[PDB]
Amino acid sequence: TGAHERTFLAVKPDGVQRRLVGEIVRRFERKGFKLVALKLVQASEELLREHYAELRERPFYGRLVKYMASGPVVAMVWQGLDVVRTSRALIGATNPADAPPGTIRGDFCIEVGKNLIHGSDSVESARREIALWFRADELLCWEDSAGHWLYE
């Protein structure tokens, strides 16, 4: 899908509490990606168990689920060329200690457990996460007036 690739991103409860939602959104807007879905939600533990199913045998899994369910999150879908991989570069390493300055985690976070944002790790993960969090009628198609200036 090339420039139509999509990723799932979510601002975690700490990002909402720390008033960093606009800052995060602005970084993806300024990069050139197209916002195609957005909502403030409180995720159920049932949903979050499915979301993090790959991690279910890790010792932190339970508290990760409980935490992500504990307050509002901002769920998003962004669209563009290589948006999955590039979003992960913008976000930075899982452990903010390893995330360089200039990344979101590098600039704003200290600890792995309070690392502001989730982004899909692969196109296949993105497909699964988008379907989990969003209905199809929440995913918008619009003609981007900037696209001529971002793409060949």
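Don't overthink the numbering: it's just position in the shown sequence, from 1.
Higher average CA B factor: 50 to 58, of the stretches 85 to 93 and 50 to 58. A summary of the deposited B-factors shows that, of 33 to 41 and 60 to 68, the stretch with the larger mean C-alpha value is 60 to 68. Take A136, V16, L132, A10 and read off each C-alpha B-factor from the entry; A136 has the highest. Annotation for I104: C-alpha temperature factor in the lowest third relative to the rest of the modelled chain, per the entry. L20 sits in the lowest third of its chain by CA B factor, as recorded in the PDB entry. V112: CA B factor in the middle third of modelled residues in this chain (values from the PDB entry).
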